[PDB]
């Protein structure tokens, strides 16, 4: 289960980072995602580069929109996470942040840090509700994007 969650987030993050670039998806990363049924990765960097919370969330008040990246960095710095070179609100970075949290969760499951385990899962849920899900609800329709949308949606249900 946790197995699991972390593998999917890391993979999804790497894929989007490749598409930004316009790297090809190692057929190993293909393999992981295609295990969930057949989908295609036929998206161009021109689109992908713009898949950022502050671009995609249309209802976003402009005053927030011009400080949203700074808001994202705050959440990251609080959890001892640090971005790649991409904008902090880029789907690839947000997805990467989640896999950090989920992988730290494994360690905590392995040890029996119950109290820290709850706190970490609460942080994951707060991040999804506030940032990642609003981002994914707003993706255009496409097989890979739909996959991310469903995955994040069910993960939010799971974490509650």
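Numbering follows the first chain given and starts at 1.
Chemist: Note whether residue 37 lacks coordinates in a third or more of the other compared entries that model its flanking residues.
Modeler: yes, residue 37 frequently unmodelled elsewhere, at least a third of entries.
Chemist: Per the record, averaged over C-alpha atoms, which has the higher B-factor: 5-13 or 20-28?
Modeler: The deposited B-factors put 20-28 ahead on the C-alpha mean.
Chemist: Going by the mean C-alpha B-factor recorded in the entry, which is higher: 32-40 or 92-100?
Modeler: 32-40 has the higher mean C-alpha B-factor.
Chemist: Please pick out which of 48, 122, 132, 109 has the largest Cα B-factor as recorded in the entry.
Modeler: If I rank 48, 122, 132, 109 by C-alpha B-factor, first place goes to 109.
Chemist: Is the Cα B-factor recorded for residue 68 in the lowest, middle or highest third of its chain?
Modeler: Residue 68: CA B-factor falls in the middle third of its chain.
Chemist: If you rank the chain by CA B-factor, which third does residue 117 end up in: lowest, middle or highest?
Modeler: According to the entry, residue 117 has a C-alpha B-factor in the chain's highest third.
Chemist: Splitting the chain's C-alpha B-factors into thirds, which one does residue 55 fall into?
Modeler: Lowest third, going by the recorded CA B-factors of the chain.
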